There are 2 protein chains.
Amino acid sequence: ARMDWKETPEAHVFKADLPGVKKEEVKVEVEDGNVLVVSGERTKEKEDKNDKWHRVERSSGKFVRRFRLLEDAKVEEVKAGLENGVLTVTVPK
Amino acid sequence: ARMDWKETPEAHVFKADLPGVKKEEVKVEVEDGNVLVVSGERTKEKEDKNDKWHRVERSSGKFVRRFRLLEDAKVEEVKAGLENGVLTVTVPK
């Protein structure tokens with residue numbers, strides 16, 4: 001989960017490369033008022049059991065990440081969207 | 001760009017993690033008659049100086065991937081799909 005953290009004047013924007021991940025496999029939470037938490041685990045591709053694996057580089061697993069926000073976030077204002085393999089978490093300041 | 005290479009009884013299937021890449025930035029071709037070429041660019045969101053970066057782990061720029069297909073592969077029947085940051089190329093046998 002390679003991630004970026006940008007602070008525009010309007011909000012804190014986090015990006016996470018989570019290719020091939022479904023929302024039911026990712027989790028965005030807030031702890032102790034100012035700690036953004038991103039975790040998950042890409043599911044096994046329920047693809048043809050018996051296939052021959054010539055080469056496998058894409059090998060993702062479980063993970064958890066945390067960031068200390070500069071200010072307590074208004075959890076009901078935090079937006080999180082998943083698109084084209086990129087998770088985006090916007091935190092309004 | 002991380003890629004998997006699996007083989008089904010019907011075709012060789014290639015997967016590529018391309019988070020944050022729109023189908024207009026990816027190119028799928030067959031060079032020299034039997035070389036699969038997956039390339040494109042993961043555009044950097046330069047933005048404005050008003051912004052402030054606290055963390056940067058995600059990569060950007062050009063990517064190039066080449067696999068040598070069989071001298072007898074349905075080169076005219078290769079399909080390419082892009083969904084949830086994952087590219088899939090199906091080369092019929």
# chains A, B, ... in the order shown; residues from 1 in each chain; ligands from 1
>>> closest_atom_pairs(of="stretch 12-59 of chain B", to="stretch 66-82 of chain A", cutoff="12 Å", atoms="only C-alpha atoms", output="Markdown table")
| residue | atom | partner | partner_atom | distance |
| --- | --- | --- | --- | --- |
| B:19 | CA | A:82 | CA | 10.5 |
| B:20 | CA | A:82 | CA | 10.3 |
| B:54 | CA | A:67 | CA | 10.2 |
| B:55 | CA | A:67 | CA | 10.1 |
>>> calpha_fit_rmsd(fixed="chain A", moving="chain B")
1.6 Å
>>> select_by_dssp(residues="chain A", states="helix (DSSP H, G or I)", output="ChimeraX atom specification")
/A:23-25,75-77
>>> closest_atom_pairs(of="chain B", to="chain A", cutoff="8 Å", atoms="only C-alpha atoms", output="JSON lines")
{"residue": "B:2", "atom": "CA", "partner": "A:58", "partner_atom": "CA", "distance": 5.6}
{"residue": "B:3", "atom": "CA", "partner": "A:57", "partner_atom": "CA", "distance": 5.6}
{"residue": "B:4", "atom": "CA", "partner": "A:56", "partner_atom": "CA", "distance": 4.5}
{"residue": "B:5", "atom": "CA", "partner": "A:55", "partner_atom": "CA", "distance": 4.8}
{"residue": "B:6", "atom": "CA", "partner": "A:53", "partner_atom": "CA", "distance": 4.5}
{"residue": "B:7", "atom": "CA", "partner": "A:52", "partner_atom": "CA", "distance": 4.9}
{"residue": "B:8", "atom": "CA", "partner": "A:51", "partner_atom": "CA", "distance": 5.4}
{"residue": "B:9", "atom": "CA", "partner": "A:51", "partner_atom": "CA", "distance": 7.9}
{"residue": "B:16", "atom": "CA", "partner": "A:58", "partner_atom": "CA", "distance": 7.8}
{"residue": "B:17", "atom": "CA", "partner": "A:19", "partner_atom": "CA", "distance": 5.7}
{"residue": "B:18", "atom": "CA", "partner": "A:19", "partner_atom": "CA", "distance": 6.8}
{"residue": "B:19", "atom": "CA", "partner": "A:85", "partner_atom": "CA", "distance": 4.4}
{"residue": "B:20", "atom": "CA", "partner": "A:84", "partner_atom": "CA", "distance": 5.4}
{"residue": "B:21", "atom": "CA", "partner": "A:84", "partner_atom": "CA", "distance": 6.9}
{"residue": "B:22", "atom": "CA", "partner": "A:84", "partner_atom": "CA", "distance": 7.6}
{"residue": "B:50", "atom": "CA", "partner": "A:8", "partner_atom": "CA", "distance": 6.6}
{"residue": "B:51", "atom": "CA", "partner": "A:8", "partner_atom": "CA", "distance": 4.5}
{"residue": "B:52", "atom": "CA", "partner": "A:7", "partner_atom": "CA", "distance": 5.0}
{"residue": "B:53", "atom": "CA", "partner": "A:6", "partner_atom": "CA", "distance": 4.6}
{"residue": "B:54", "atom": "CA", "partner": "A:5", "partner_atom": "CA", "distance": 5.4}
{"residue": "B:55", "atom": "CA", "partner": "A:5", "partner_atom": "CA", "distance": 4.9}
{"residue": "B:56", "atom": "CA", "partner": "A:4", "partner_atom": "CA", "distance": 4.5}
{"residue": "B:57", "atom": "CA", "partner": "A:2", "partner_atom": "CA", "distance": 5.2}
{"residue": "B:58", "atom": "CA", "partner": "A:2", "partner_atom": "CA", "distance": 5.4}
{"residue": "B:83", "atom": "CA", "partner": "A:84", "partner_atom": "CA", "distance": 6.5}
{"residue": "B:84", "atom": "CA", "partner": "A:84", "partner_atom": "CA", "distance": 4.2}
{"residue": "B:85", "atom": "CA", "partner": "A:85", "partner_atom": "CA", "distance": 3.9}
{"residue": "B:86", "atom": "CA", "partner": "A:20", "partner_atom": "CA", "distance": 5.6}
>>> select_by_dssp(residues="chain B", states="strand (DSSP E)", output="ChimeraX atom specification")
/B:3-7,11-17,26-31,35-42,53-55,61-68,79-83,86-92
>>> residues_around(residues="residue B:29", least_positions_apart="6", cutoff="9 Å", atoms="only C-alpha atoms", output="list in words")
residues 35, 36, 37, 38 and 39 of chain B
>>> closest_residue(among="B:26, B:88, B:33, B:45", to="residue B:60", atoms="only C-alpha atoms")
B:45
>>> atom_distance(atom1="atom CA of residue B:42", atom2="atom CA of residue B:23")
11.0 Å
>>> atom_distance(atom1="atom CA of residue B:44", atom2="atom CA of residue B:63")
13.0 Å
